[PDB]
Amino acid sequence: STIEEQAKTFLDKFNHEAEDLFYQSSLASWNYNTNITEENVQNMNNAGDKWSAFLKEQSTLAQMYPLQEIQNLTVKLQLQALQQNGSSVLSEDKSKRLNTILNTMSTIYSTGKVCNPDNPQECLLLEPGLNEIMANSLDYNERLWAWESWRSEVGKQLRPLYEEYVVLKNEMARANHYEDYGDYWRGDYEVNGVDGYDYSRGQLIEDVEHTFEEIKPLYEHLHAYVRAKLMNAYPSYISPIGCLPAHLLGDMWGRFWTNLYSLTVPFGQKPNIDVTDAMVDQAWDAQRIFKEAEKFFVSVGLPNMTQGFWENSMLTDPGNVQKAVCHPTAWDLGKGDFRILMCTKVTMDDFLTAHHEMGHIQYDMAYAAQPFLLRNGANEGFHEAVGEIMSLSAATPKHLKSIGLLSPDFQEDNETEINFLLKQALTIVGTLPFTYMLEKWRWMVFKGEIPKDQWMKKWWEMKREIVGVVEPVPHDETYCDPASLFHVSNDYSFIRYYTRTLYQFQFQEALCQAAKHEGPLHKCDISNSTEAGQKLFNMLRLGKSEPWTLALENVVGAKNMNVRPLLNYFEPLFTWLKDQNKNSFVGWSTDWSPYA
């Protein structure tokens, strides 16, 4: 028997044992998030430890088959994913140090509290205390206090931990034959051995920067318009040519400009489409929402939800004694078990979230036939992009009127279209420079291009230049403002939100063309279009079995990420923004600061 034949038998034994152990861990994790008890914490840890130990043993056994002697690429993909060392390539001492640094930074972030001055007892956590301030408060000093105190009392604790975190992560990545920890993260988009579909890790940097150059004109006019509206609200705080103060952006970091909508709404006398009152007028419950979502996917040729879905999912808050983690999630426990955990309320937001989460379920049911190690999105941005395009069609007035939630007499004029597109750009467009600049800073830190004594200096030079955002308080090298975000202090790659954003509009533009949609791209509804559903399913069933460049080609016809569909979506707003900024300064000066 050849090495490739022994690996096929090894992967055959692995698939059957992994599916059982993964189901035990997923079921024990479900029983905790739906019934938060102390007994369920231990059963979740016991089942999770047995699953983690099984993978560590199989990873060592998988590393006994040399990949060079395997020619079947589907077998090589499963062996390569299982042979991934990760932290197991470091010494036992350094891996124990690394896991301690990771737990401490996660503990500092989740438990870090800030106490108001003159009351050492009135303290606020990030969630919900400081987040409520950064999302609703209009007081300059109150927002400045929450922004600065979170970074000077919690971020400074993370600064020494993050320095040793970079050293050990670089030693881990370089022992796995990567350039640095940033190059390690970029391996999620790597493709080798497929002629015409290969993709290098360094190519992601060039593609992200190239597509970002085309986003700059739209973002600069969005930035200029937001600055003008905010300058009328804070005339003594904002320069007409300077960057935007970092604490006046809608959240703790300015990751999304969504909350700036009340002050930057173009036509503040035309109300939003809120079918929440209509859902209560028609006695809608949570089952009706998910039933309507089920009808949506069925209308495009996708299968209905399994019987076990309606029986095992938790589509409502358990209430009273039984507590649960109300964050909406989609569960793929395996072996035909698909569930959705959600404390659904009769609102329009939960209506759109149900379509977003059931889109993850359709993705899971599609590639369930794949081997165990190939049951995932094409890359890190695929799964979340599939969920986003579902809420895009479900929120259009064309769809809301076809289901009886929006009145037919309700007419849509170009003033409500601009209000909708502006609200969308504050979240979608407003996060792209934030995401790219943050991830580029970490790429350069891991690559060694930013010295330790210039971490915070380079961080805010890039905020001013790339994001057009200035810090309200000068920060020396005792701070660690990037670590004040969850993903940085909890060791999660961030570029996935940039690629996913460009993916979802590539998906939507392609599916809407298959649905024969006429008019602006943002008004599209792919409902009742089996042709669009067939084109999407041709990628969903692939899972990780094929390169992401090929999976993307099955939907959009192109092999690479493209920013043109994103610009096609926001073109009605981009032309309106340019007309609004005809007597305003577009761009920003990086030398101005609110503390100058």
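Start at 1 and count along the sequence shown; that's the residue number. Just so we're on the same page, rigid core means the largest C-alpha set that superposes within 1.5 Å between forms.
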Please pick 266-274 or 212-220, whichever has its Cα atoms farther from the shown form in 5 other deposited structures of this protein after a rigid core fit. 266-274
Relative to the presented form, and with the rigid core used for superposition, do the C-alpha atoms of 116-124 or of 234-242 deviate more in 5 other deposited structures of this protein? 116-124
Averaging the C-alpha B factors as listed in the entry, name the stretch that ends up higher: 317-325 or 172-180. 317-325
Stretch with the greater mean C-alpha B-factor as recorded in the entry, comparing 82-90 against 492-500: 82-90
The residue of 262, 157, 232, 72 with the maximal C-alpha B-factor according to the PDB record is 72
From the entry's CA B-factor values, the highest among 248, 342, 389, 226 is 342
State the tercile, meaning the lowest, middle or highest third, of residue 56 with respect to the CA B-factors recorded for its chain. highest
Quick one: classify residue 540 as lowest, middle or highest third of the chain based on its Cα B-factor. middle
Lowest, middle or highest third: where is residue 557 by C-alpha B factor in its chain? lowest
On the chain's distribution of Cα B-factors, residue 237 falls within the third called middle
Residue 277: CA B-factor among chain residues, third -> highest
